[PDB]
Structures are given as structure tokens and as C-alpha cells.
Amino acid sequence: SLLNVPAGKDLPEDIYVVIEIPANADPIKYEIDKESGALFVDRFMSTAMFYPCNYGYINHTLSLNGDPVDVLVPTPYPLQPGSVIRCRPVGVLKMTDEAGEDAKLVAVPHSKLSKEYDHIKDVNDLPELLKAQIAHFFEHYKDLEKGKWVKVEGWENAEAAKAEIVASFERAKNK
């Protein structure tokens, strides 16, 4: 089942992301239920917006806000919800939402899946438009479902992304 996928072949450089929401999909927010392993409908998003990249998480990871680290994965074609993709982390989006800090990593497909991202080694290598899209998406997608709000503090590098992997992996085995 999806609950027994490994975090990565070699964390934090070489990880698996479990995809929950494909890039450019209808505005249905899916989430994998941690008891069943099944895809749950979490909500029907109320803004006319879409995730600019595939969205999911690293299994066996516990972030400070109680859930596994979440990750955005650019691909040339949208992936199936429930699929698992081998990636390498390249950067991190720092925000605050109503409960203090949130981070969302960006990870690119690993070279065994594709060579089109070989030259993206860090956060400054990502296209500027795509970074600006992601930031704009996270600042507005909950505008109409409020008591909710997000603010974007800015981009960090591959080493900050890796640190967040490692600390949340470690945090999982214990609490």
C-alpha cells in the first residue's frame, strides 16, 4: 500500500514523493488518508486556481505542523494521484499561514526518470515565472475559504530544503 513506500533511496538527496494533486487539474483537493492509504477528497477548492506543479508529500516524515513534508514536483505532463515519483529537492518556499511557519519544498524528477531537469541544481535555477506562479498560488488559493490566509516569506536553497527533509524524517521515528 502507499503507507509502505520509503521516504527515499538515499535521503535527503534522493527521495520519493507521493503525488496527491496533479498539475493543472480540476480544483479538487485530494489527500491520502494516513490510516487507510486511500485517496480522500479533502475539499472542493473555492477559488478558480490550479496547482502549477504536481503536489504531494514524503512518506515517513513528520513536519512541525503534524503532517509529512509536502512537495511540489514540476513534470512535463501531469501525474496520476497516488503515483510515486523519484525526485531531488532543489529548494523551499517559506510562508506563514494562520499557524506560524509553513515550508513547501520544490523537488524535480530524478535523472533516471528524465534528463530535462539535470541543470536545475538549486533554487535560483528554477524558471522565475514558475517560482512566481507558485508563490502567487499559495498566497491566493484560500482567499475565499477564510479564517484562512497565507503570507509568503520567500525562497530558500537546496541545503535548507534538505535540512527540512532530514529533521522531519528524524522527527517521525521518534514523535
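Numbers follow the displayed sequence, beginning with 1.
Two stretches are in play, 145 to 153 and 66 to 74, and the higher mean C-alpha B-factor belongs to 145 to 153. Mean CA B-factor, 121 to 129 versus 49 to 57: the higher value falls on 121 to 129.
For the set 116, 139, 26, 42, the PDB entry assigns the largest Cα B-factor to 116. The deposited CA B-factor of residue 86 belongs to the lowest third of values across its chain.
Residue-level temperature factors show residue 79 in the lowest third of its chain, judged at the C-alpha atom.
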